[PDB]
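What follows is the content of my_file-v8.csv (CSV, C-alpha atoms and all ligand atoms).
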```csv
chain,number,residue,atom,x,y,z
A,1,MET,CA,72.3,17.9,129.3
A,2,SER,CA,72.4,17.8,125.5
A,3,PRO,CA,75.5,18.8,123.5
A,4,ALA,CA,73.6,21.8,122.2
A,5,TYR,CA,72.5,22.8,125.6
A,6,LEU,CA,76.0,22.4,127.0
A,7,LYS,CA,77.4,24.5,124.2
A,8,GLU,CA,75.1,27.4,125.1
A,9,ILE,CA,76.4,27.2,128.7
A,10,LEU,CA,80.0,27.2,127.6
A,11,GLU,CA,79.4,30.1,125.2
A,12,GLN,CA,77.9,32.1,128.2
A,13,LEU,CA,80.9,31.3,130.3
A,14,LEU,CA,83.3,32.4,127.6
A,15,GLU,CA,81.1,35.5,126.8
A,16,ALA,CA,81.3,36.6,130.4
A,17,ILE,CA,85.1,36.4,130.3
A,18,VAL,CA,85.5,38.3,127.0
A,19,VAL,CA,83.1,41.2,127.9
A,20,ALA,CA,84.4,41.7,131.4
A,21,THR,CA,85.9,45.1,132.0
A,22,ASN,CA,88.1,46.4,134.8
A,23,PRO,CA,87.2,49.4,136.9
A,24,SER,CA,88.9,51.6,134.3
A,25,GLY,CA,86.7,50.2,131.5
A,26,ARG,CA,89.4,48.1,129.8
A,27,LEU,CA,88.6,44.6,128.5
A,28,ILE,CA,90.9,42.3,130.5
A,29,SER,CA,90.4,39.3,128.0
A,30,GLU,CA,92.2,40.8,125.1
A,31,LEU,CA,95.8,39.9,126.0
A,32,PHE,CA,94.7,36.3,126.5
A,33,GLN,CA,93.1,35.9,123.1
A,34,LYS,CA,96.2,34.8,121.2
A,35,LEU,CA,99.4,33.2,122.5
A,36,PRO,CA,102.5,35.3,122.2
A,37,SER,CA,104.5,34.7,119.0
A,38,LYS,CA,107.2,32.0,119.3
A,39,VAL,CA,109.6,34.3,117.3
A,40,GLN,CA,109.3,37.3,119.6
A,41,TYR,CA,108.8,35.4,122.9
A,42,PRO,CA,110.8,32.1,122.9
A,43,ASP,CA,111.1,32.4,126.7
A,44,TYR,CA,107.4,31.9,127.1
A,45,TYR,CA,107.6,28.6,125.4
A,46,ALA,CA,110.8,27.7,127.3
A,47,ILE,CA,108.7,28.0,130.5
A,48,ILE,CA,105.1,27.0,129.5
A,49,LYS,CA,104.8,23.3,128.8
A,50,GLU,CA,101.1,23.5,127.7
A,51,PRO,CA,100.4,26.8,125.9
A,52,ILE,CA,96.7,27.7,125.6
A,53,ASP,CA,94.8,30.9,124.8
A,54,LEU,CA,91.1,32.0,124.6
A,55,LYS,CA,90.9,31.6,120.8
A,56,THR,CA,91.8,27.9,121.3
A,57,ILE,CA,89.3,27.6,124.1
A,58,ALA,CA,86.7,29.2,121.8
A,59,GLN,CA,87.5,26.8,119.0
A,60,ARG,CA,87.0,23.9,121.4
A,61,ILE,CA,83.6,25.1,122.5
A,62,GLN,CA,82.7,25.5,118.8
A,63,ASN,CA,84.0,22.0,117.9
A,64,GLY,CA,82.2,20.3,120.8
A,65,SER,CA,85.5,19.2,122.3
A,66,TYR,CA,84.5,19.9,125.9
A,67,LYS,CA,82.1,17.2,127.2
A,68,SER,CA,81.3,19.0,130.4
A,69,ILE,CA,81.6,22.4,132.1
A,70,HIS,CA,84.5,20.9,134.2
A,71,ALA,CA,86.4,20.2,130.9
A,72,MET,CA,86.3,23.9,130.1
A,73,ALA,CA,87.3,24.9,133.6
A,74,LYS,CA,90.4,22.8,133.3
A,75,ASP,CA,91.5,24.8,130.3
A,76,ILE,CA,90.6,28.1,132.1
A,77,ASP,CA,92.8,27.0,135.1
A,78,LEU,CA,95.6,26.0,132.7
A,79,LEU,CA,95.5,29.4,131.0
A,80,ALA,CA,95.5,31.3,134.2
A,81,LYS,CA,98.3,29.2,135.8
A,82,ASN,CA,100.4,29.6,132.7
A,83,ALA,CA,99.9,33.4,132.9
A,84,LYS,CA,100.7,33.3,136.6
A,85,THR,CA,103.9,31.4,135.9
A,86,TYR,CA,105.4,33.5,133.2
A,87,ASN,CA,104.5,36.8,134.9
A,88,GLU,CA,105.3,37.9,138.5
A,89,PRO,CA,102.7,38.3,141.2
A,90,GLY,CA,101.0,41.7,141.1
A,91,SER,CA,102.0,42.3,137.5
A,92,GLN,CA,99.0,43.3,135.4
A,93,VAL,CA,98.9,40.0,133.5
A,94,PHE,CA,99.0,38.0,136.7
A,95,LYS,CA,96.2,40.1,138.2
A,96,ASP,CA,94.1,39.9,135.0
A,97,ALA,CA,94.6,36.1,134.9
A,98,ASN,CA,93.0,35.8,138.4
A,99,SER,CA,90.2,38.2,137.3
A,100,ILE,CA,89.4,36.0,134.3
A,101,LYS,CA,89.3,32.9,136.7
A,102,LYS,CA,87.1,34.9,139.1
A,103,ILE,CA,84.7,35.9,136.3
A,104,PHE,CA,84.5,32.3,135.0
A,105,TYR,CA,83.8,30.7,138.4
A,106,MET,CA,81.3,33.4,139.4
A,107,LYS,CA,79.3,32.9,136.2
A,108,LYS,CA,79.6,29.1,136.5
A,109,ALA,CA,78.1,29.3,140.0
A,110,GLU,CA,75.4,31.6,138.6
A,111,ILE,CA,74.5,29.1,136.0
A,112,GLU,CA,74.8,25.9,138.1
A,113,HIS,CA,72.4,27.2,140.9
A,201,LIG,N1,103.2,38.6,129.1
A,201,LIG,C1,102.4,37.7,128.6
A,201,LIG,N2,101.9,36.7,129.4
A,201,LIG,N3,101.0,35.8,129.0
A,201,LIG,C2,100.5,35.9,127.7
A,201,LIG,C3,99.4,34.9,127.4
A,201,LIG,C4,98.7,35.1,126.2
A,201,LIG,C5,97.6,34.2,125.9
A,201,LIG,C6,97.4,33.1,126.7
A,201,LIG,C7,98.1,32.9,127.9
A,201,LIG,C8,99.1,33.8,128.2
A,201,LIG,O1,99.8,33.6,129.4
A,201,LIG,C9,101.0,36.9,126.8
A,201,LIG,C10,101.9,37.8,127.3
A,201,LIG,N4,102.6,38.7,126.4
A,201,LIG,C11,101.8,39.4,125.4
A,201,LIG,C12,102.1,40.9,125.4
A,201,LIG,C13,103.6,41.1,125.2
A,201,LIG,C14,104.4,40.3,126.2
A,201,LIG,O2,104.0,40.7,127.6
A,201,LIG,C15,104.7,41.8,128.1
A,201,LIG,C16,105.9,42.3,127.6
A,201,LIG,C17,106.5,43.4,128.2
A,201,LIG,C18,105.9,44.0,129.3
A,201,LIG,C19,104.7,43.5,129.8
A,201,LIG,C20,104.1,42.4,129.2
A,201,LIG,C21,104.0,38.8,126.2
```
Is it possible to express this structure as C-alpha cells?
Amino acid sequence: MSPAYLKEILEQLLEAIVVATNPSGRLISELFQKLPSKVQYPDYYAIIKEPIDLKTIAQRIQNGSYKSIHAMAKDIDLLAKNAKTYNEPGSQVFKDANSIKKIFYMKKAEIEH
C-alpha cells in the first residue's frame, strides 16, 4: 500500500464520518470537529489528558502522519473515549461518539474486504 493509496483510504474513512446523518437528518460529526475552548470549558481539559478532534485527525491524514489504517483507528478510539468520559452515558454527545465509531469501523470493514 503506497502512501498515496493509504491517504485515499483514510480520506474515505473520514468522509464517511463527516457526512453521516442521524435518523433526523442532522450531521453527527459537527460537534467533534473542533475541541471545546479552554477558556469556556477548563473542566474538559481537567479531565481529558489527550484532547483530540476531527480537524486534527484531518490534518494528520493530510500530512501523512498515519502510517496505517490502524494508526487512524487509534485516534478515532481516543476521540470517542474522551467524549464518553466527559459526557454521561445516554447523553447526545456520548451516543454520537459511539455512532462515529460505528460509522468508522463499518466503513473500514467495507474497504478491507
Ligand atoms: N460536551 C462536549 N463533549 N465533547 C466535546 C468534544 C469536541 C471535540 C472532540 C472531542 C470532544 O469530546 C465537545 C463538547 N462541548 C461542545 C459543545 C458545548 C459543550 O457541551 C455541552 C454543554 C452543555 C450542554 C450539552 C453539551 C462542550
- Please identify the residues whose atoms come within 12 Å of ligand LIG 201 (chain A), using all atoms listed in the file, and report them as JSON, numbers by chain. {"A": [28, 29, 30, 31, 32, 33, 34, 35, 36, 37, 38, 39, 40, 41, 42, 43, 44, 45, 47, 48, 49, 50, 51, 52, 53, 54, 55, 56, 57, 75, 76, 77, 78, 79, 80, 81, 82, 83, 84, 85, 86, 87, 88, 89, 91, 92, 93, 94, 95, 96, 97, 98, 100]}
For CA of residue 20 in chain A and CA of residue 65 in chain A, determine how far apart the two atoms are, in Å to one decimal place.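 For CA of residue 20 in chain A relative to CA of residue 65 in chain A, the distance reads 24.3 Å.
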Using all atoms listed in the file, the residue out of A:60, A:7, A:70, A:26 with shortest distance to residue 108 in chain A is A:70
Correct to one decimal, the distance CA of residue 18 in chain A-CA of residue 61 in chain A is 14.1 Å
Under the rule that only C-alpha atoms are counted, which of A:90, A:64, A:21, A:74 is the nearest residue to residue 9 in chain A?
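Among the listed residues, the smallest separation from residue 9 in chain A belongs to A:64.
Proximity ranking of A:99, A:2, A:113, A:63 relative to residue 23 in chain A places A:99 first, based on all atoms listed in the file.
CA of residue 104 in chain A lies 11.5 Å from CA of residue 19 in chain A.
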Please produce range 44-65 of chain A, completed to N, CA, C and O atoms, as a PDB file, in the frame of the given file.
```pdb
ATOM      1  N   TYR A  44     108.686  32.430 126.688  1.00  0.00           N
ATOM      2  CA  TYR A  44     107.400  31.900 127.100  1.00  0.00           C
ATOM      3  C   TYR A  44     107.271  30.424 126.851  1.00  0.00           C
ATOM      4  O   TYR A  44     106.841  29.670 127.735  1.00  0.00           O
ATOM      5  N   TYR A  45     107.680  29.969 125.671  1.00  0.00           N
ATOM      6  CA  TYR A  45     107.600  28.600 125.400  1.00  0.00           C
ATOM      7  C   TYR A  45     108.675  27.740 126.030  1.00  0.00           C
ATOM      8  O   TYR A  45     108.501  26.528 126.214  1.00  0.00           O
ATOM      9  N   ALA A  46     109.773  28.388 126.433  1.00  0.00           N
ATOM     10  CA  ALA A  46     110.800  27.700 127.300  1.00  0.00           C
ATOM     11  C   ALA A  46     110.133  27.326 128.623  1.00  0.00           C
ATOM     12  O   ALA A  46     110.446  26.264 129.175  1.00  0.00           O
ATOM     13  N   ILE A  47     109.232  28.152 129.142  1.00  0.00           N
ATOM     14  CA  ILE A  47     108.700  28.000 130.500  1.00  0.00           C
ATOM     15  C   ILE A  47     107.373  27.218 130.472  1.00  0.00           C
ATOM     16  O   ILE A  47     107.143  26.362 131.331  1.00  0.00           O
ATOM     17  N   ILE A  48     106.494  27.525 129.513  1.00  0.00           N
ATOM     18  CA  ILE A  48     105.100  27.000 129.500  1.00  0.00           C
ATOM     19  C   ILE A  48     105.017  25.755 128.713  1.00  0.00           C
ATOM     20  O   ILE A  48     105.087  25.781 127.475  1.00  0.00           O
ATOM     21  N   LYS A  49     104.833  24.625 129.413  1.00  0.00           N
ATOM     22  CA  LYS A  49     104.800  23.300 128.800  1.00  0.00           C
ATOM     23  C   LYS A  49     103.513  23.131 127.931  1.00  0.00           C
ATOM     24  O   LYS A  49     103.553  22.471 126.887  1.00  0.00           O
ATOM     25  N   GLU A  50     102.380  23.692 128.364  1.00  0.00           N
ATOM     26  CA  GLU A  50     101.100  23.500 127.700  1.00  0.00           C
ATOM     27  C   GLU A  50     100.494  24.880 127.360  1.00  0.00           C
ATOM     28  O   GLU A  50      99.595  25.345 128.073  1.00  0.00           O
ATOM     29  N   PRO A  51     100.964  25.549 126.308  1.00  0.00           N
ATOM     30  CA  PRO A  51     100.400  26.800 125.900  1.00  0.00           C
ATOM     31  C   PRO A  51      98.930  26.697 125.548  1.00  0.00           C
ATOM     32  O   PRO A  51      98.557  25.763 124.840  1.00  0.00           O
ATOM     33  N   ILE A  52      98.105  27.640 125.995  1.00  0.00           N
ATOM     34  CA  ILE A  52      96.700  27.700 125.600  1.00  0.00           C
ATOM     35  C   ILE A  52      96.274  29.160 125.636  1.00  0.00           C
ATOM     36  O   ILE A  52      96.852  29.958 126.376  1.00  0.00           O
ATOM     37  N   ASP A  53      95.278  29.521 124.819  1.00  0.00           N
ATOM     38  CA  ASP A  53      94.800  30.900 124.800  1.00  0.00           C
ATOM     39  C   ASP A  53      93.256  30.853 124.591  1.00  0.00           C
ATOM     40  O   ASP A  53      92.668  29.796 124.350  1.00  0.00           O
ATOM     41  N   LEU A  54      92.618  32.021 124.679  1.00  0.00           N
ATOM     42  CA  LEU A  54      91.100  32.000 124.600  1.00  0.00           C
ATOM     43  C   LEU A  54      90.619  31.674 123.238  1.00  0.00           C
ATOM     44  O   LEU A  54      89.524  31.117 123.128  1.00  0.00           O
ATOM     45  N   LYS A  55      91.365  31.987 122.169  1.00  0.00           N
ATOM     46  CA  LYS A  55      90.900  31.600 120.800  1.00  0.00           C
ATOM     47  C   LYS A  55      90.841  30.075 120.686  1.00  0.00           C
ATOM     48  O   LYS A  55      89.896  29.529 120.083  1.00  0.00           O
ATOM     49  N   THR A  56      91.822  29.369 121.249  1.00  0.00           N
ATOM     50  CA  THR A  56      91.800  27.900 121.300  1.00  0.00           C
ATOM     51  C   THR A  56      90.632  27.372 122.085  1.00  0.00           C
ATOM     52  O   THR A  56      89.938  26.428 121.682  1.00  0.00           O
ATOM     53  N   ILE A  57      90.426  27.942 123.271  1.00  0.00           N
ATOM     54  CA  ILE A  57      89.300  27.600 124.100  1.00  0.00           C
ATOM     55  C   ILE A  57      87.980  27.790 123.305  1.00  0.00           C
ATOM     56  O   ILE A  57      87.090  26.933 123.284  1.00  0.00           O
ATOM     57  N   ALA A  58      87.899  28.913 122.578  1.00  0.00           N
ATOM     58  CA  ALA A  58      86.700  29.200 121.800  1.00  0.00           C
ATOM     59  C   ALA A  58      86.510  28.186 120.670  1.00  0.00           C
ATOM     60  O   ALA A  58      85.383  27.721 120.438  1.00  0.00           O
ATOM     61  N   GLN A  59      87.589  27.821 119.967  1.00  0.00           N
ATOM     62  CA  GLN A  59      87.500  26.800 119.000  1.00  0.00           C
ATOM     63  C   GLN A  59      86.926  25.491 119.554  1.00  0.00           C
ATOM     64  O   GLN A  59      86.038  24.856 118.969  1.00  0.00           O
ATOM     65  N   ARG A  60      87.428  25.106 120.738  1.00  0.00           N
ATOM     66  CA  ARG A  60      87.000  23.900 121.400  1.00  0.00           C
ATOM     67  C   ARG A  60      85.542  23.868 121.736  1.00  0.00           C
ATOM     68  O   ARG A  60      84.851  22.857 121.566  1.00  0.00           O
ATOM     69  N   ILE A  61      85.048  24.992 122.263  1.00  0.00           N
ATOM     70  CA  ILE A  61      83.600  25.100 122.500  1.00  0.00           C
ATOM     71  C   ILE A  61      82.884  24.934 121.129  1.00  0.00           C
ATOM     72  O   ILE A  61      81.925  24.164 121.044  1.00  0.00           O
ATOM     73  N   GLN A  62      83.362  25.597 120.066  1.00  0.00           N
ATOM     74  CA  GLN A  62      82.700  25.500 118.800  1.00  0.00           C
ATOM     75  C   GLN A  62      82.741  24.118 118.173  1.00  0.00           C
ATOM     76  O   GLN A  62      81.802  23.708 117.484  1.00  0.00           O
ATOM     77  N   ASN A  63      83.814  23.368 118.423  1.00  0.00           N
ATOM     78  CA  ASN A  63      84.000  22.000 117.900  1.00  0.00           C
ATOM     79  C   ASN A  63      83.307  20.953 118.791  1.00  0.00           C
ATOM     80  O   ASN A  63      83.382  19.769 118.461  1.00  0.00           O
ATOM     81  N   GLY A  64      82.736  21.334 119.934  1.00  0.00           N
ATOM     82  CA  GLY A  64      82.200  20.300 120.800  1.00  0.00           C
ATOM     83  C   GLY A  64      83.202  19.523 121.605  1.00  0.00           C
ATOM     84  O   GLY A  64      82.843  18.480 122.176  1.00  0.00           O
ATOM     85  N   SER A  65      84.456  19.996 121.680  1.00  0.00           N
ATOM     86  CA  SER A  65      85.500  19.200 122.300  1.00  0.00           C
ATOM     87  C   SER A  65      85.349  19.066 123.808  1.00  0.00           C
ATOM     88  O   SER A  65      85.858  18.103 124.397  1.00  0.00           O
TER      89      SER A  65
END
```
